[PDB]
Amino acid sequence: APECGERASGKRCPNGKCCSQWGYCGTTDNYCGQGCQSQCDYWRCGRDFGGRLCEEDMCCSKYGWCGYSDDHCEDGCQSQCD
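If you're matching positions, the sequence shown starts at 1 in PDB author numbering and goes up one per residue.
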């Protein structure tokens, strides 16, 4: 029962999740890695990714990675740094 992708009339996953090669939504390698059809950038963010905001209040690092550490939230953080 496809949730996203070519097998689901081009539907995109809610909460920016990755659409796997099999048409399912997730945030792990099986969904965001090889074969991912859309929103494969769930863990990426900022200036090089359409100014996208991270889900679950994650900070966007200066290198465009979603996380909660000082490397993500302080020097150069792009969004949701608090």
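The beta-carbon is built from N, C-alpha and C at its ideal position, and this holds for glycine as well.
In terms of Cβ geometry, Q78 and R47 form a close pair [threshold 9 Å]. The three-state reading of DSSP puts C66 in strand, counting E and B together.
At the C-beta level, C13 and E3 come within 9 Å of one another. Under the three-state reduction of DSSP, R7 is assigned to helix. Spanning the alpha carbons of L53 and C60 requires a straight line of approximately 7 Å. Sequence-distant partners of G64 (beyond 5 residues in either direction) whose C-beta falls short of 8 Å from its own C-beta, in its chain, are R44, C45, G46, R47, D48, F49 and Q78. The residues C59 and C81, in chain order, have a CB closer than 7 Å to that of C73 in the same chain once the five nearest residues on each side in sequence are set aside.
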